[PDB]
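We place every Cβ from the backbone using ideal geometry, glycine too, and count neighbours over all the protein chains shown. Laboratory data are not the source of any read-out in this text; all were calculated from the coordinates shown.
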Amino acid sequence: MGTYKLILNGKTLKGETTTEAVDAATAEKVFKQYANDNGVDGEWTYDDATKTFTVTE
């Protein structure tokens, strides 16, 4: 499928990651678990250039 970049911005938490997936289903699946471990409750924005999914609490 492609490489996708995921960054979370909690009040007191931070992190940025990049992942690769065979097909996008695993990317969407991993996004909920991946980000939730970073203590997130928030909204998602997108930058297709680097497939950057940013979240701001």
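With unit charges on the beta carbons (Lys and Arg positive, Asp and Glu negative) and the dipole taken about the Cα centre of the chain, which residue among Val30, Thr45, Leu13 sits farthest to the positive side?
So the residue furthest toward the plus end is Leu13.
With axes computed from alpha carbons, what is the tilt in degrees of helix 24-36 against the longest principal axis of the chain, rounded to the nearest 10 within 0 to 90?
20
Compute the Rg to Rh ratio over the chain from the alpha carbon atoms, using the Kirkwood formula for Rh, and round to two decimal places.
For the chain, the value is 0.95.
Given only helices, namely DSSP H runs of n ≥ 4 each adding -39500 (n - 2.57), what is the per-residue ellipticity at 222 nm of the chain, to the nearest 500 deg cm²/dmol?
-7000 deg cm²/dmol
Can you give me the long-range amide H partners of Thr52? Hydrogens built in the peptide plane at 1.01 Å from N, cutoff under 5 Å, separation of 5 or more residues or another chain.
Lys5, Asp47
For the chain, what proportion of DSSP beta bridges, expressed in % and rounded to the nearest 5, is antiparallel?
The antiparallel fraction comes to roughly 70 percent.
At a 10 Å Cβ-Cβ cut-off, how would you order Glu57, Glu16, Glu43, fewest neighbours first?
Taking fewest neighbouring Cβ atoms as first place, the list is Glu43, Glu16, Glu57.
Relative contact order, percent, of the chain when contacts are C-alpha pairs under 8 Å separated by at least 6 residues?
It rounds to 43 percent for the chain.
Can you tell me the length gained on complete extension of the stretch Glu16 to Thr54, counting 0.36 nm per residue apart and subtracting the Cα distance?
Using 0.36 nm per residue and subtracting the Cα-Cα distance, I get 12.8 nm.
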